[PDB]
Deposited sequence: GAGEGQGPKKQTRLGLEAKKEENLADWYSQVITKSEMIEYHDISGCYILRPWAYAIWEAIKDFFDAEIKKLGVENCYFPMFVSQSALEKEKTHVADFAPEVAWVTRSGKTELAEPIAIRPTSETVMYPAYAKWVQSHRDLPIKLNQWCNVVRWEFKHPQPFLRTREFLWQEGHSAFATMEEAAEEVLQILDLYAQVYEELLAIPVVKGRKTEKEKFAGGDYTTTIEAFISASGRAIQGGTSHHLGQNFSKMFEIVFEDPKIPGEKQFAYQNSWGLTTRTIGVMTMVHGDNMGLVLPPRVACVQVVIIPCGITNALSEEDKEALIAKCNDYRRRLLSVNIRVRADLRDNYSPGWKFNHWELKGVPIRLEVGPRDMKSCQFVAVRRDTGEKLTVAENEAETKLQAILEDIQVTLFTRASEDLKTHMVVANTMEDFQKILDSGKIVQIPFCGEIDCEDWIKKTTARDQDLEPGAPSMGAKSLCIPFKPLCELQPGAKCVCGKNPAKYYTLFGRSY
């Protein structure tokens, strides 16, 4: 069973659902967490979808070394300046020291692009579309939260290089739309497509696109993924040059993109869909979609091998119709134990089979998201359970998206922007775009915060500039700072 309440102490609710669903085990190194098979299967389900899609775009999988030299890491000046204090350095091999300290990748820009330069000698070498599934290390000192904020995490990073800027800009939106599919269609989480501000953009690129999700339990938003257009800032430092047949002599630099998505996906899935009973898995990423457990001392041993065979009969039928099913035929656990054990893990459907239900050619089907039981005939298991599982996926998303539509509004002044901020909601406001003004928003929001006992206050930072804002910017509408005119509607709010 679960003890902590989600509506009150969300932090303790989160630490108990990730451990009692057997997803996360803690490690003696702070910030590093063990991804148990239950959580890792979700990442592999995300991997199977995203891998099959980038290959359609012409992207191939590879693996680059995790260690970066000093000179290679410092070629891009501003890119290394943002990641510098967050880089873990290897300075000794056992007892003997290293002649040159090597760095662990916080990202593989400075690792791949020296190789991109050698691979690009003419126009026939482009485009290059490479992706890798690996781990990276960012030793940020902020308080770590499993899945969401970890010193080491798993991700994919795709790095593409084009001779054209139109080809590169086209890929940025293509990948970001795939990221939205990962959250909306696999995790049943609505996201807001948008562009990062100049303060929050990827240091070293021209612009950064992103998807932002909302967690109503804490009133905080979180970035689900990013797709950057690096322009030529890396091609001009790493000399990824080529000769154009139309214009010769002038050394042309390649246009590059970089896009990443991490295991944070699993943490957002926990915060959005989880309840006070435990985890709640979307059926499209659930390791097992339907769990089968026999229900119901003096019973003869002949009929004991009969109902477990119907369980194996159900398990085998669902596998032919492509439904991930587990048969919990373990006898050392009580039926009530495995009841809470599997809804703590969040399996979308629990299949119950009592002795009387078996003889009556029927079985019970309990839903995880709502708890509704349904006595189903034994000839309806393949077509109806598939219809129930798909109904789980849509209601989790329609509830989460109705939860987001309610919690995302518009405000045109600090009085409204701050008031609705204390309402545990995010809000799009007219923004001038200046960086120092964005610091002023994050300052006067934590300064004038109307909080409640139990919830700390943090300044509202920028999240994204939505491609499709709620309402259009009025002609001549000034920014909320008053000292500068507004350039666009910008989504703000407290963030993870």
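I have the full deposited sequence and the modelled structure. Can you tell me which residue ranges, counted from 1, have no C-alpha coordinates? Missing from the model are residues 1 to 14, 311 to 312.
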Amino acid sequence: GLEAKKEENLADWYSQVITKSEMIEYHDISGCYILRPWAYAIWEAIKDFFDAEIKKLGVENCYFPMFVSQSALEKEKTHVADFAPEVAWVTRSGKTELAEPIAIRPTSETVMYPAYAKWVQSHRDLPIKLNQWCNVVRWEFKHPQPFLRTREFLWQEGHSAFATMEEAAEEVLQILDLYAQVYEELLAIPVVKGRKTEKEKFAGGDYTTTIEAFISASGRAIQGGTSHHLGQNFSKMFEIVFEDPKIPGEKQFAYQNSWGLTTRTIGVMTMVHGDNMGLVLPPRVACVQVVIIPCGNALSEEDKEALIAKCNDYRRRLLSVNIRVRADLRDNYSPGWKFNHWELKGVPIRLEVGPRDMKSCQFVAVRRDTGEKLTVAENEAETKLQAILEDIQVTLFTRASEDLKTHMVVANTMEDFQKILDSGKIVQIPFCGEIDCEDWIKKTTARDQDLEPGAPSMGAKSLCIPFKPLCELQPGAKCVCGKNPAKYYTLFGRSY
From here on, numbers count along this sequence of modelled residues.
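What we label the rigid core is the largest C-alpha set whose atoms superpose within 1.5 Å from one form to the other.
Handout entry: Farther-lying stretch by C-alpha RMS in 9 other deposited structures of this protein, rigid core as reference, of 257 to 265 and 371 to 379
Key = Once the cores are fitted, 371 to 379 deviates more in 9 other deposited structures of this protein.
inquiry  = Between 139 to 147 and 163 to 171, which has its CA atoms farther from the current form in 9 other deposited structures of this protein, using a rigid core superposition?
reply    = Higher root mean square deviation of C-alphas in 9 other deposited structures of this protein is shown by 139 to 147.
For at least a third of the other PDB entries compared, is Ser30 missing from the model even though its neighbours are present?
In none of the comparable entries (those modelling both sides of it) is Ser30 left without coordinates.
Inset, instruction - Go through the other compared entries with residues on either side of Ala455 and state whether a third or more give it no coordinates. - result: Other entries vs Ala455: at least a third skip it.
Where do the C-alpha atoms have the higher mean temperature factor in this entry, in 368 to 376 or in 85 to 93?
-> According to the entry, 368 to 376 carries the higher average C-alpha B-factor.
Worksheet item: Averaging C-alpha B-factors over each stretch, which comes out higher, 184 to 192 or 328 to 336?
Response: Of 328 to 336 and 184 to 192, the stretch with the higher C-alpha B-factor average is 328 to 336.
For the CA B factor values reported in this entry, which option in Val353, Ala400, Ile240, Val137 has the top one? Result of the comparison over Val353, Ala400, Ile240, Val137: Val353.
Handout entry: Selection by C-alpha B-factor (highest) of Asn131, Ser227, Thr270, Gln252
Key = Going by the entry's C-alpha B-factors, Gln252 comes out highest.
Task: Where the record places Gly158 (Cα B-factor, split into thirds across the chain) - done: It belongs to the lowest third of the chain when residues are ordered by C-alpha B-factor.
Inset, instruction - Looking at the entry's B-factor column for C-alpha atoms only, identify whether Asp244 ranks in the lowest, middle or highest third of its chain. - result: Answer is highest: the recorded C-alpha B-factor places it there.
With respect to C-alpha B-factor, does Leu10 fall in the lowest, middle or highest third of the chain as deposited?
As the PDB entry reports it, the C-alpha B-factor of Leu10 lands in the middle third of its chain.
Could you tell me which third, lowest, middle or highest, the C-alpha B-factor of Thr445 occupies within its chain? For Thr445, whose C-alpha B-factor we compare with every modelled residue in the chain, the answer is the highest third.
Among all modelled residues of this chain, ranked by Cα B factor, put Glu53 in the bottom, middle or top third, i.e. lowest, middle or highest.
Middle third.
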